[PDB]
Amino acid sequence: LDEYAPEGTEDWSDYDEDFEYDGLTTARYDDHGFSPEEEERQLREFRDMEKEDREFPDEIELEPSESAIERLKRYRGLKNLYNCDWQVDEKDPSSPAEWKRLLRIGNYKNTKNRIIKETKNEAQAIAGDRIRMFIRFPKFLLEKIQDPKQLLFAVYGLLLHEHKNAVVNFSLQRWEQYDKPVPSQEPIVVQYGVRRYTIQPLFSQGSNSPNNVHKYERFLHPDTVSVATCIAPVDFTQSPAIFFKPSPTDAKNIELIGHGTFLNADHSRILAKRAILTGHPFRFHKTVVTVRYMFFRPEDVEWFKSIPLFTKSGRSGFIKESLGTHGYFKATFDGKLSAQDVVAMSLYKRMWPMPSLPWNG
């Protein structure tokens, strides 16, 4: 009778990588390189953030006085997400501690079929029978109960180890005629099976990848069905999930944000918080392009000499040498690029699922 089982700690005892981030002379690319008013203001700011995300996906502006080294010391500058060897056993301060105490389900479908078979066979009580059920129950919750003759009281069974929470991946289809901005961190009440939990689901796209790593969506996709990563008790029946938020000002105390089903109980689905840095190419020689307004110190340029440079017209290239102390540098590209294009750094961060709490009332 616990959310975090004691037997879920001994299985993940083999520490694999203990890589440090302070003893590096450059970025970690050694693998392939060298009260209603506040709510209204918050809603308007979230709409602004959503539209900014729509035109500018992961763009961050750098201040001249603030060096990029001390905010970009824990980032990852790997070339491609679908080919590099990601891992799920890293040790980072952003990892939750209770991630140590989660039941790591290897496969979901076969174990789900096995536990359905077990509930079919081992159930000594045949379905469709009259049962006197003498259950332990606390004193104070005797206050909340009403008479059963005017209110429906139902009992729903549970499977093995379902109180022990794990990493959950849900499907997200938006409600019809619905456009409310929802981020990946705000608390949404999710009713799956019968149970209702305050879940903060991290948004992503359910496109398959060879390393089971996907882009962390900061907001819900307005067109395609998204995938939701969180930590929650696992339902082995793949019940549909109703995503809502109770609203007192509305006639109903339910606000339907979306719907979907529980996809997968897999711990390997981690998220890649991406960060894209903008730049304007200043001048163009036939083979060398000198580029302005990326950094503001040359030591940034020698720190980020290994991360590839990409242009949204679809043009990749590498650095050559640091030109000046204002952030200019010379770069070698493949094709001919004009002043209307924008160049960009791409960085990635390992990003972990968060625990969830049950919802009552």
# chains A, B, ... in the order shown; residues from 1 in each chain; ligands from 1

$ closest_atom_pairs --of "stretch 146-216 of chain A" --to "stretch 96-112 of chain A" --cutoff "12 Å" --atoms "only C-alpha atoms" --output "tab-separated table"
residue	atom	partner	partner_atom	distance
A:159	CA	A:112	CA	9.7
A:160	CA	A:112	CA	10.3
A:161	CA	A:103	CA	8.5
A:162	CA	A:103	CA	9.6
A:163	CA	A:103	CA	10.1
A:164	CA	A:103	CA	6.5
A:165	CA	A:102	CA	6.1
A:166	CA	A:102	CA	5.3
A:167	CA	A:102	CA	7.8
A:168	CA	A:105	CA	10.3
A:169	CA	A:108	CA	11.2

$ write_last_selection --atoms "C-alpha atoms" --output "tab-separated table (two decimals), in the first residue's frame"
chain	number	residue	atom	x	y	z
A	159	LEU	CA	-4.77	-5.26	-11.00
A	160	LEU	CA	-1.35	-6.25	-9.62
A	161	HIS	CA	1.09	-3.47	-8.68
A	162	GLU	CA	-1.13	-0.71	-10.10
A	163	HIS	CA	-0.76	1.39	-6.95
A	164	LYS	CA	2.97	1.52	-7.74
A	165	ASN	CA	3.30	4.37	-10.22
A	166	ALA	CA	5.44	4.38	-13.35
A	167	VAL	CA	6.19	6.47	-16.43
A	168	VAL	CA	3.01	6.91	-18.48
A	169	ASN	CA	2.46	7.99	-22.08

$ select_by_dssp --residues "stretch 44-245 of chain A" --states "strand (DSSP E)" --output "ChimeraX atom specification"
/A:59-60,166-174,188-192,195-199,202-205,213-217,226-232,240-244

$ write_last_selection --atoms "N, CA and C atoms" --output "CSV table (one decimal), in the first residue's frame"
chain,number,residue,atom,x,y,z
A,59,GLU,N,13.5,29.9,-30.1
A,59,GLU,CA,14.5,30.9,-30.3
A,59,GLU,C,14.7,31.7,-29.0
A,60,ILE,N,16.0,31.9,-28.6
A,60,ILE,CA,16.4,32.6,-27.4
A,60,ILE,C,17.3,33.7,-27.8
A,166,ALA,N,4.4,4.5,-12.4
A,166,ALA,CA,5.4,4.4,-13.4
A,166,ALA,C,5.3,5.5,-14.4
A,167,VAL,N,6.2,5.5,-15.4
A,167,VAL,CA,6.2,6.5,-16.4
A,167,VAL,C,5.1,6.1,-17.4
A,168,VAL,N,4.2,7.1,-17.7
A,168,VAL,CA,3.0,6.9,-18.5
A,168,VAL,C,3.1,7.8,-19.7
A,169,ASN,N,2.6,7.3,-20.8
A,169,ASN,CA,2.5,8.0,-22.1
A,169,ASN,C,1.0,7.9,-22.6
A,170,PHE,N,0.3,9.0,-22.7
A,170,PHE,CA,-1.1,9.1,-23.1
A,170,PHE,C,-1.2,9.7,-24.4
A,171,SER,N,-2.4,9.6,-25.0
A,171,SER,CA,-2.7,10.2,-26.3
A,171,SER,C,-3.5,11.5,-26.0
A,172,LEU,N,-3.3,12.5,-26.9
A,172,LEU,CA,-3.9,13.8,-26.7
A,172,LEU,C,-4.6,14.2,-28.0
A,173,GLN,N,-5.9,14.1,-28.1
A,173,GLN,CA,-6.7,14.7,-29.1
A,173,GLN,C,-7.5,15.9,-28.6
A,174,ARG,N,-7.4,17.0,-29.2
A,174,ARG,CA,-8.0,18.2,-28.7
A,174,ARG,C,-9.6,18.1,-28.7
A,188,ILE,N,-3.6,19.5,-15.1
A,188,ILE,CA,-4.8,19.1,-15.7
A,188,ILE,C,-5.4,17.9,-15.0
A,189,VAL,N,-6.6,17.9,-14.6
A,189,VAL,CA,-7.3,16.7,-14.0
A,189,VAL,C,-7.6,15.7,-15.1
A,190,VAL,N,-7.0,14.5,-15.0
A,190,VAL,CA,-7.1,13.5,-15.9
A,190,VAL,C,-7.9,12.3,-15.3
A,191,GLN,N,-9.0,12.0,-15.9
A,191,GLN,CA,-9.9,10.8,-15.5
A,191,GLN,C,-9.6,9.7,-16.4
A,192,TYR,N,-8.9,8.7,-16.0
A,192,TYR,CA,-8.6,7.5,-16.7
A,192,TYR,C,-9.0,6.3,-15.9
A,195,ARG,N,-10.3,6.7,-12.2
A,195,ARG,CA,-9.6,7.5,-11.3
A,195,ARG,C,-9.2,8.8,-11.9
A,196,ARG,N,-9.2,9.9,-11.0
A,196,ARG,CA,-8.9,11.2,-11.4
A,196,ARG,C,-7.7,11.7,-10.7
A,197,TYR,N,-6.7,12.2,-11.5
A,197,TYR,CA,-5.4,12.6,-11.0
A,197,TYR,C,-5.0,13.9,-11.5
A,198,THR,N,-4.4,14.7,-10.6
A,198,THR,CA,-3.8,16.0,-11.0
A,198,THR,C,-2.5,15.7,-11.7
A,199,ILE,N,-2.5,15.7,-13.1
A,199,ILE,CA,-1.4,15.3,-13.9
A,199,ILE,C,-0.9,16.5,-14.6
A,202,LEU,N,3.8,16.3,-19.9
A,202,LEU,CA,4.8,16.9,-20.8
A,202,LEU,C,4.4,16.5,-22.2
A,203,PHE,N,4.3,17.5,-23.1
A,203,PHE,CA,3.8,17.3,-24.5
A,203,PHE,C,4.9,17.0,-25.4
A,204,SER,N,4.6,16.1,-26.4
A,204,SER,CA,5.5,15.7,-27.4
A,204,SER,C,4.7,15.2,-28.6
A,205,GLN,N,5.4,14.8,-29.6
A,205,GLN,CA,4.8,14.2,-30.8
A,205,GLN,C,5.1,12.7,-30.8
A,213,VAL,N,13.5,8.7,-28.2
A,213,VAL,CA,13.6,10.1,-27.8
A,213,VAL,C,12.8,11.0,-28.8
A,214,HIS,N,12.1,12.0,-28.2
A,214,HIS,CA,11.2,12.8,-29.0
A,214,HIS,C,11.3,14.2,-28.6
A,215,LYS,N,10.9,15.1,-29.5
A,215,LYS,CA,11.0,16.6,-29.2
A,215,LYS,C,10.0,16.9,-28.1
A,216,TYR,N,10.4,17.6,-27.1
A,216,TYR,CA,9.6,18.1,-26.0
A,216,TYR,C,8.7,19.3,-26.6
A,217,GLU,N,7.4,19.1,-26.8
A,217,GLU,CA,6.5,20.1,-27.2
A,217,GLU,C,6.2,21.0,-26.0
A,226,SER,N,-1.1,14.6,-30.1
A,226,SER,CA,0.1,14.6,-29.3
A,226,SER,C,0.2,13.5,-28.4
A,227,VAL,N,1.4,13.3,-27.8
A,227,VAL,CA,1.7,12.3,-26.8
A,227,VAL,C,2.1,13.0,-25.5
A,228,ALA,N,1.7,12.4,-24.4
A,228,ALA,CA,1.9,13.0,-23.1
A,228,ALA,C,2.7,12.1,-22.2
A,229,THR,N,3.8,12.6,-21.7
A,229,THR,CA,4.7,11.9,-20.8
A,229,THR,C,4.5,12.4,-19.4
A,230,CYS,N,4.3,11.5,-18.4
A,230,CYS,CA,4.2,11.9,-17.0
A,230,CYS,C,4.5,10.7,-16.2
A,231,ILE,N,4.3,10.8,-14.8
A,231,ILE,CA,4.5,9.7,-13.9
A,231,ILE,C,3.1,9.6,-13.2
A,232,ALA,N,2.6,8.4,-13.3
A,232,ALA,CA,1.2,8.1,-12.8
A,232,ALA,C,1.1,6.6,-12.5
A,240,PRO,N,-9.9,4.9,-21.9
A,240,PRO,CA,-9.9,6.2,-22.5
A,240,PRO,C,-9.7,7.2,-21.3
A,241,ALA,N,-8.9,8.3,-21.6
A,241,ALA,CA,-8.6,9.3,-20.7
A,241,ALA,C,-9.3,10.6,-21.0
A,242,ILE,N,-9.9,11.2,-20.1
A,242,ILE,CA,-10.6,12.5,-20.2
A,242,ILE,C,-9.8,13.6,-19.5
A,243,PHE,N,-9.4,14.6,-20.3
A,243,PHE,CA,-8.5,15.6,-19.7
A,243,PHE,C,-9.4,16.9,-19.5
A,244,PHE,N,-9.4,17.4,-18.3
A,244,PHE,CA,-10.3,18.5,-18.0
A,244,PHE,C,-9.7,19.4,-16.9

$ closest_residue --among "A:187, A:207, A:267, A:11" --to "residue A:246" --atoms "only C-alpha atoms"
A:187

$ atom_distance --atom1 "atom CA of residue A:49" --atom2 "atom CA of residue A:183"
9.8 Å

$ residues_around --residues "residue A:175" --least-positions-apart "5" --cutoff "10 Å" --atoms "only C-alpha atoms" --output "list in words"
residues 180, 243, 244, 255, 256, 257, 258, 259 and 260 of chain A

$ residues_around --residues "stretch 26-34 of chain A" --least-positions-apart "6" --cutoff "6 Å" --atoms "only C-alpha atoms" --output "list in words"
residues 76, 77, 303 and 306 of chain A

$ write_last_selection --atoms "N, CA, C and O atoms" --output "PDB file, in the first residue's frame"
ATOM      1  N   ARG A  76      23.499  19.896 -24.597  1.00  0.00           N
ATOM      2  CA  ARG A  76      24.050  18.879 -25.482  1.00  0.00           C
ATOM      3  C   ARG A  76      23.917  19.340 -26.925  1.00  0.00           C
ATOM      4  O   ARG A  76      22.845  19.785 -27.347  1.00  0.00           O
ATOM      5  N   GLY A  77      25.006  19.226 -27.683  1.00  0.00           N
ATOM      6  CA  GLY A  77      25.029  19.714 -29.049  1.00  0.00           C
ATOM      7  C   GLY A  77      25.218  18.637 -30.098  1.00  0.00           C
ATOM      8  O   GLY A  77      25.942  18.840 -31.076  1.00  0.00           O
ATOM      9  N   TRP A 303      34.300  27.983 -27.543  1.00  0.00           N
ATOM     10  CA  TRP A 303      33.563  26.989 -26.771  1.00  0.00           C
ATOM     11  C   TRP A 303      32.575  26.216 -27.635  1.00  0.00           C
ATOM     12  O   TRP A 303      32.373  25.016 -27.414  1.00  0.00           O
ATOM     13  N   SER A 306      32.342  23.186 -32.135  1.00  0.00           N
ATOM     14  CA  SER A 306      32.058  21.835 -32.603  1.00  0.00           C
ATOM     15  C   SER A 306      30.594  21.619 -32.962  1.00  0.00           C
ATOM     16  O   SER A 306      30.281  20.687 -33.711  1.00  0.00           O
TER      17      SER A 306
END

$ decode --residues "stretch 181-281 of chain A" --atoms "C-alpha atoms" --output "JSON list (two decimals), in the first residue's frame"
[["chain", "number", "residue", "atom", "x", "y", "z"],
["A", 181, "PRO", "CA", -3.64, 27.50, -24.45],
["A", 182, "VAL", "CA", -2.37, 24.49, -22.50],
["A", 183, "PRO", "CA", 1.33, 24.11, -21.63],
["A", 184, "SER", "CA", 3.20, 20.94, -20.74],
["A", 185, "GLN", "CA", 3.38, 21.84, -17.03],
["A", 186, "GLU", "CA", 0.00, 23.23, -15.94],
["A", 187, "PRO", "CA", -2.05, 20.83, -13.78],
["A", 188, "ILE", "CA", -4.83, 19.09, -15.71],
["A", 189, "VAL", "CA", -7.25, 16.73, -13.99],
["A", 190, "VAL", "CA", -7.14, 13.46, -15.94],
["A", 191, "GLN", "CA", -9.85, 10.83, -15.48],
["A", 192, "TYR", "CA", -8.62, 7.46, -16.75],
["A", 193, "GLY", "CA", -10.33, 4.24, -15.85],
["A", 194, "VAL", "CA", -12.42, 5.87, -13.15],
["A", 195, "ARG", "CA", -9.55, 7.48, -11.26],
["A", 196, "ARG", "CA", -8.92, 11.23, -11.45],
["A", 197, "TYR", "CA", -5.39, 12.56, -10.96],
["A", 198, "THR", "CA", -3.80, 16.01, -11.01],
["A", 199, "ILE", "CA", -1.39, 15.30, -13.87],
["A", 200, "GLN", "CA", 1.09, 17.69, -15.47],
["A", 201, "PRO", "CA", 1.68, 15.99, -18.84],
["A", 202, "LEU", "CA", 4.77, 16.94, -20.83],
["A", 203, "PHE", "CA", 3.75, 17.35, -24.46],
["A", 204, "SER", "CA", 5.50, 15.73, -27.42],
["A", 205, "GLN", "CA", 4.84, 14.17, -30.82],
["A", 206, "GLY", "CA", 4.26, 10.43, -31.11],
["A", 207, "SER", "CA", 6.59, 9.98, -34.08],
["A", 208, "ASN", "CA", 8.68, 6.84, -33.65],
["A", 209, "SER", "CA", 12.43, 7.23, -33.17],
["A", 210, "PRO", "CA", 15.21, 4.59, -33.03],
["A", 211, "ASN", "CA", 16.37, 5.81, -29.59],
["A", 212, "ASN", "CA", 12.83, 6.39, -28.17],
["A", 213, "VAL", "CA", 13.60, 10.10, -27.80],
["A", 214, "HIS", "CA", 11.21, 12.78, -29.04],
["A", 215, "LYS", "CA", 10.96, 16.56, -29.20],
["A", 216, "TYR", "CA", 9.55, 18.13, -26.03],
["A", 217, "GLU", "CA", 6.54, 20.14, -27.16],
["A", 218, "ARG", "CA", 6.15, 23.25, -25.03],
["A", 219, "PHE", "CA", 2.48, 23.40, -26.05],
["A", 220, "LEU", "CA", -0.18, 21.12, -27.51],
["A", 221, "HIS", "CA", -0.15, 20.72, -31.28],
["A", 222, "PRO", "CA", -3.25, 22.34, -32.84],
["A", 223, "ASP", "CA", -3.55, 19.82, -35.70],
["A", 224, "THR", "CA", -2.04, 16.41, -34.92],
["A", 225, "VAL", "CA", -2.57, 14.12, -31.95],
["A", 226, "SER", "CA", 0.12, 14.63, -29.32],
["A", 227, "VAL", "CA", 1.69, 12.27, -26.79],
["A", 228, "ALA", "CA", 1.88, 13.01, -23.07],
["A", 229, "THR", "CA", 4.71, 11.87, -20.80],
["A", 230, "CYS", "CA", 4.19, 11.88, -17.02],
["A", 231, "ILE", "CA", 4.47, 9.73, -13.89],
["A", 232, "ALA", "CA", 1.21, 8.11, -12.77],
["A", 233, "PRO", "CA", -0.27, 4.80, -11.63],
["A", 234, "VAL", "CA", -0.62, 2.51, -14.63],
["A", 235, "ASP", "CA", -3.96, 1.22, -15.91],
["A", 236, "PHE", "CA", -3.57, -2.18, -17.60],
["A", 237, "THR", "CA", -6.86, -1.96, -19.54],
["A", 238, "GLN", "CA", -5.99, 1.04, -21.80],
["A", 239, "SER", "CA", -9.07, 2.95, -20.69],
["A", 240, "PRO", "CA", -9.88, 6.24, -22.46],
["A", 241, "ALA", "CA", -8.56, 9.32, -20.68],
["A", 242, "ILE", "CA", -10.62, 12.48, -20.23],
["A", 243, "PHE", "CA", -8.53, 15.62, -19.75],
["A", 244, "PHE", "CA", -10.31, 18.50, -18.04],
["A", 245, "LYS", "CA", -10.10, 21.36, -15.55],
["A", 246, "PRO", "CA", -12.90, 22.09, -13.04],
["A", 247, "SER", "CA", -14.22, 25.64, -13.43],
["A", 248, "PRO", "CA", -16.48, 27.27, -10.81],
["A", 249, "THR", "CA", -17.46, 30.25, -12.99],
["A", 250, "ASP", "CA", -18.86, 27.99, -15.72],
["A", 251, "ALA", "CA", -22.25, 26.29, -15.42],
["A", 252, "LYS", "CA", -20.47, 22.93, -15.41],
["A", 253, "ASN", "CA", -17.56, 22.36, -13.06],
["A", 254, "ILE", "CA", -15.68, 20.56, -15.88],
["A", 255, "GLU", "CA", -13.67, 22.13, -18.71],
["A", 256, "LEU", "CA", -12.89, 19.61, -21.46],
["A", 257, "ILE", "CA", -9.36, 20.30, -22.69],
["A", 258, "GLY", "CA", -9.09, 17.11, -24.72],
["A", 259, "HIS", "CA", -9.41, 13.35, -24.84],
["A", 260, "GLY", "CA", -7.41, 10.26, -25.70],
["A", 261, "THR", "CA", -6.25, 6.91, -24.36],
["A", 262, "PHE", "CA", -3.33, 5.61, -22.34],
["A", 263, "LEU", "CA", -0.73, 4.58, -24.90],
["A", 264, "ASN", "CA", 2.28, 3.06, -23.17],
["A", 265, "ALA", "CA", 3.85, 2.37, -19.77],
["A", 266, "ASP", "CA", 7.46, 2.80, -20.87],
["A", 267, "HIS", "CA", 10.32, 4.39, -18.93],
["A", 268, "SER", "CA", 12.52, 4.94, -22.00],
["A", 269, "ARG", "CA", 10.43, 7.83, -23.37],
["A", 270, "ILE", "CA", 12.44, 10.89, -22.30],
["A", 271, "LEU", "CA", 12.21, 14.39, -23.75],
["A", 272, "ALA", "CA", 14.67, 16.67, -25.53],
["A", 273, "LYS", "CA", 14.23, 20.30, -24.52],
["A", 274, "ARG", "CA", 15.58, 22.04, -27.61],
["A", 275, "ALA", "CA", 17.16, 25.49, -27.76],
["A", 276, "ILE", "CA", 17.79, 27.37, -31.01],
["A", 277, "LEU", "CA", 20.06, 30.42, -31.18],
["A", 278, "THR", "CA", 19.50, 32.95, -33.96],
["A", 279, "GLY", "CA", 21.99, 34.87, -36.08],
["A", 280, "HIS", "CA", 22.15, 37.17, -39.10],
["A", 281, "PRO", "CA", 24.82, 36.49, -41.75]]
